[PDB]
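Student: Before I ask anything, let me first share the structure, which is written out below as structure tokens.
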Amino acid sequence: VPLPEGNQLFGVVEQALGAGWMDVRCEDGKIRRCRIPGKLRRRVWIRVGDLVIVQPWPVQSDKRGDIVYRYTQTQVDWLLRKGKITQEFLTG
Amino acid sequence: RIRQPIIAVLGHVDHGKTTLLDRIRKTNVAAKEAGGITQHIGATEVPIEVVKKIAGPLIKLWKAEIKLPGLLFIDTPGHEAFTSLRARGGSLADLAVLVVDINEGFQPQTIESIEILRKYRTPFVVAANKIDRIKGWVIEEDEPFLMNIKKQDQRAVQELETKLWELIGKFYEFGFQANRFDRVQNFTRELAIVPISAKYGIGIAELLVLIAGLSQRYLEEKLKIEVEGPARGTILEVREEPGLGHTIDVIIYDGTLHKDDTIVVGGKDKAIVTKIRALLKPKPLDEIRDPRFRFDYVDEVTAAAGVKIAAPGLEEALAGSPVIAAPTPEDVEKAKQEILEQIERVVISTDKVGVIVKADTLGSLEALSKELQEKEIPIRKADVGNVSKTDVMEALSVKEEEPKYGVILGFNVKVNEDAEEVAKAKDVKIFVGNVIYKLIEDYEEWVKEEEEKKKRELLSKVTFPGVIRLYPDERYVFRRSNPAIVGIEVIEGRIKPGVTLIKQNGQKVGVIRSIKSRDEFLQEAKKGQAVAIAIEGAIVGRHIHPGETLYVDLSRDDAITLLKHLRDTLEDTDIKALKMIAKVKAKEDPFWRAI
RNA sequence: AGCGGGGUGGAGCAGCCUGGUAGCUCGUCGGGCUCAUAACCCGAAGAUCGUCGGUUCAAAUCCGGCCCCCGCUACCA
Ligand SMILES: Nc1nc2c(ncn2[C@@H]2O[C@H](COP(=O)(O)OP(=O)(O)NP(=O)(O)O)[C@@H](O)[C@H]2O)c(=O)[nH]1
Ligand code: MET
Ligand SMILES: [Mg+2]
């Protein structure tokens, strides 16, 4: 339900790299090696192909970022119906 | 006991401000400086004896005395950047001399000087230079205008009359009534215009006697000072000296100043209290900022005079702040309360992310800061001193995240051995200079050169777009495989060797091996040119068909660079080709769908 | 361009030559075994043969025309 606020933007998980590292495709047509904060790492399980919010790192904000929130099925369905995001971004 | 009145000279660039003072002193200073412009304010004392020698029988026309001990002249830059120096000179001095060239008329600096004089209610008399520019004028060494006028013809006199009439009319729409010194009798609302010649000393005596005489008419009671009271003066500048440390040059005008007296000076953040250690005095008839002769140390000085004070802990002194003598703690508190009623005329705005600039005085730093701020350039730090090692470290720290803002601009300073070695090792650029514009323009042009070099090598990396169509003609096919030799006409874009071609479905037909319009070897083909391509990996039929349209494979980074960086070198055919290529490629990646 | 070879469940191969059931291994879905997963067992779905025509009592099998794929050679702007 919460939306990106600032430099944050959506993203689609592509492949997990191990040791809490994911490979997320963002809305600006860039692939980023993203790091999962440990606070939500322990309680929220993330799997390839999900809509998430990613904030790029302050330095070298082109290939690194942090994942802050995961969108459930109802939230992504509501977003698709509202029209803030399209279907081809999710499906690739 | 009457103190020497303080006279401030104001005017525009190249209007003979320094030359008049040089002629009065009979010394050459105007040729010393670089660029012909004086960027430092100074105070000079003129003894009354040379004043009397310069003058003559004219002193007997006015019923007064020459009991004035002397004169205290202050020079002032006329450049646009040094506004604060002009303001300080206008506020501090008791009398002003505006020097305006007759030929050029009026300049914005003259208007600003008049505005400052009106704001600080300083009476003044107008001077006129460049008299020799009028044709048919004879030159004689040091004669008054009254003696010179009879030596000229009617044409020069009438031209002079017209020019001064125009000047008086100008002052009139500036709301000021003007009349010639020998052509007016009122001396409370009417000014006086003295036509002078700096290069040949014409009319200097009239101006000198007028300055001597007008002092006691408007206000003379302000010129009486007790010779035993506490010292009271103001700061003129703050500069570094070899062997003495941070010293300040001040003009004492109240009381008497002795050595070891405690003084109160308004610092940047709060008042500072220190004990005087060294009192230094310039030689008579010598510019204070030009130490031609050796300074004479002096135990005590009496108002009014310009002296250099060397005391500990003066590195945070504010230019223009007053100095008050205080021998007792209650006097110290009263001086602190007096200082608390003082405003900082100029404050620098630092953005914490900017360049590092260092000068030798506070006024030069203010001028440089204003000139940089006029061009929208942030300033990380401004202070007084030579370029040290930590400055290079700070510059490297700023450069780490901003290539164009890590640089040092030194204005009349020195670079240490360790600092220059570290700068050479870590490749940090330093621009040293003595002239404000000659120093700023160098930085601007270096920034422009770096900017152009940023994209000079970027062009070679990207690949131009291109769309072509095979001839439906059998003739153009000259070899089928290894290599495939077939003619082509260009629809849009530019063909280059070593560029991959793809179809709508994106099959790798290979890489163009060679292009030839004839038996001769070619390099590239532009719009409306036919060329036979010899390509590898392409075979007629299964891989390519006659009459089929071929597209150049494009890199998305190259497309972004073309649409954002190299947007100047894009024309109709190129943009049409790139747009339709994006439309075609909008099949798998939504990036081309959104273009 | 000329010559030669081949198209069969989602994938890779038999079934031709000698016409008359369309099989083999992997893969998907469901149930079994185990505390659970993999391995293993059971059952079921899935091609009507690249299209069109000729022949024959009857054609994936014999024949011919097209569509596509693969290989070899000639082929210098
Ligand atoms: N022909 C002629 N040239 C003059 C006369 N007075 C000065 N000049 C020349 O004109 C120039 C004036 O420069 P300067 O002495 O700097 O003027 P200023 O009054 O100090 N202005 P600033 O220091 O800001 O430029 C010099 O080159 C000087 O030789 C004059 O009466 N006649
Ligand atoms: C080479 O033979 C040449 N005439 C083929 C066509 S060039 C466009
Ligand atoms: Mg000058």
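Chain B is numbered as in Swiss-Prot; the shown residues are, in order, 4-20, 415-992.
The backbone N, Cα and C atoms fix where each Cβ goes, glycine too.
Residues annotated as GTP binding site in Swiss-Prot: B:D472, B:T473, B:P474, B:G475, B:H476, B:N526, B:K527, B:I528, B:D529.
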Student: Including all protein chains shown, what's the count of other C-beta atoms within 10 A of the C-beta of B:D529 (GTP binding site)?
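Tutor: I get 14 for this one.
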Student: Check the binding-site residues B:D472, B:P474, B:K527, B:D529 for any whose Cβ is under 6 angstroms from an atom of ligand 1, and report them in sequence order.
Tutor: B:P474, B:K527, B:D529
Student: Rounding to the nearest whole angstrom, report the longest C-alpha distance spanning B:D472, B:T473, B:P474, B:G475, B:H476, B:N526, B:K527, B:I528, B:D529, listed for GTP.
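Tutor: Answer in Å: the longest Cα-Cα distance is 24.
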Student: Per DSSP, B:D529 (GTP binding site) is which: helix, strand or coil?
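Tutor: Its secondary structure by DSSP: helix.
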Student: Cβ-Cβ under 8 Å from B:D472 (GTP binding site), same chain, 6 or more residues apart: which ones?
Tutor: B:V12, B:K20, B:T415, B:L418, B:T435, B:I438, B:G439, B:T441, B:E684
Student: Would you count the other CB atoms within 10 A of the CB of B:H476 (GTP binding site), including those on all shown protein chains?
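Tutor: If we count other Cβ atoms within 10 Å of B:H476 (GTP binding site), we arrive at 19.
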Student: What is the total of other Cβ atoms whose distance to the Cβ of B:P474 (GTP binding site) is within 10 Å?
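Tutor: Counting Cβ neighbours of B:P474 (GTP binding site) within 10 Å gives 24.
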Student: Can you tell me how many other Cβ atoms are located within 10 Å of the Cβ belonging to B:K527 (GTP binding site)?
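Tutor: For B:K527 (GTP binding site), the 10 Å Cβ neighbour count is 19.
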Student: In three-state terms from DSSP, label B:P474 (GTP binding site) for me.
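Tutor: For B:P474 (GTP binding site) - judged by DSSP and reduced to three states - the answer is coil.
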